[PDB]
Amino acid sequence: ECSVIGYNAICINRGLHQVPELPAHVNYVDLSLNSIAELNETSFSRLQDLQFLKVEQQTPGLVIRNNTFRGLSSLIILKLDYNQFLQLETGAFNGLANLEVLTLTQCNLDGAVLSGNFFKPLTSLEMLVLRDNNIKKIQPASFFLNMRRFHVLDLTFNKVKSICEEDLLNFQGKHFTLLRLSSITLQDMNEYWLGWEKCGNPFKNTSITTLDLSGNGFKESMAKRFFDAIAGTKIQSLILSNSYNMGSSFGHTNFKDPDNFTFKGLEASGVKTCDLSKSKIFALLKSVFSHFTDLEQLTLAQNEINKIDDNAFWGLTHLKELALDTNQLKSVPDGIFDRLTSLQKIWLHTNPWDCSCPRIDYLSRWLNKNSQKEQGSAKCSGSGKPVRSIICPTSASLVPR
């Protein structure tokens, strides 16, 4: 009951229990949402030309036998997502020497998938998506040393209590363009952990373009330790959004805003963009950012910021883009932006600005001189006029009668 148009065969949701007879010339086959219970060598022995195979969400318990993919040397993308309780025989992916993307989201997989030989045949793999599985420890087997182009790994929504040097030993040498460690908790990596000395540097001799550690809490004391531990790792862009424990509270005394020591390990990482948006930061302290010496973009949007110290931004001479919107700022100190000499864009909107004079004098004049840089429009609380338009009267002694 498939729809075969040209090189494409769409067999989505047709109540199939086996791979159906398709024409031998097809290169794109989608068999998602069916009742196929097992895939073996005879499953694709007539579809030898496939480039894109998709077999998502079968009825639960799909088994993939040894040599199912023998001689699909043309297959580049294989998607096996949402297959509850997936069973892989350990030579399941034999033959796939040219495969570049494998996605296995939500298949109840655990660490064995990365530590056994399941992925050994995949010498060309660039992109491995393993979201929302049950991986507790990221422990890649030794063949990963030889996957020259493995560069994208997404582990979002696994619960991984820690990441350590000896865990990631076979990722040493890699350059990851996207190492996505989002929403994995890193529960054990905190103030109270005795395992820090032994953990070392999970990223020893590894480089990263985008390191996504969002949604993992990152209380100030955890960030410090974590970035000391990975001190010196080349990272181009650092995502720490939804660091739900970052910032201070009158409620729990322990908790503090990040300081000039917090991000010191990132000193020589060459970070170009840093996202700390959507967190709980209440104050920007002296020199908190003074270690990102190559920083070009910084977002602190949607925190709870209501205090910016003199020198919050010391050492950000290369910064092009700064976002401070949607906080609780009534004011900023005089001259706070003066040494941001590469500033191209700034966001200051959705803050309750107090436009009393002479408090608002510096920000108003600045926002006017730099109106081409302001994205959106910071407004005065109460009146709702733009802060750009406020001309403060001058103090009487400066213009004597």
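When you see a residue number, it is the position in the sequence shown, counting from 1.
Novice: If you take the mean CA temperature factor per stretch, which one wins between 182 to 190 and 247 to 255?
Specialist: The deposited B-factors put 247 to 255 ahead on the C-alpha mean.
Novice: Which has the higher mean CA temperature factor in the PDB entry, 97 to 105 or 195 to 203?
Specialist: Stretch with the greater average CA B-factor: 195 to 203.
Novice: Considering only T350, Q51, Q375, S364, which residue's Cα atom bears the greatest B-factor as recorded?
Specialist: By C-alpha B-factor in the record, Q51 ranks first.
Novice: Taking only the Cα B-factors deposited for this chain, tell me whether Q87 sits in the lowest, middle or highest third.
Specialist: For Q87, the deposited C-alpha B-factor lands in the middle third.
Novice: Considering every modelled residue of the chain and its Cα B-factor in the PDB entry, is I308 in the lowest, middle or highest third?
Specialist: Tercile = middle for this residue's CA B-factor.
Novice: Would you check the entry's CA temperature factor for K224 and let me know if it's in the chain's lowest, middle or highest third?
Specialist: CA B-factor rank for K224: middle third.
Novice: Could you look up the Cα B-factor of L285 in the entry and say which third of the chain it sits in: lowest, middle or highest?
Specialist: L285: CA B-factor falls in the middle third of its chain.
Novice: Going by the recorded CA B-factors, say which third of the chain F119 sits in, lowest, middle or highest.
Specialist: Middle third by C-alpha B-factor.
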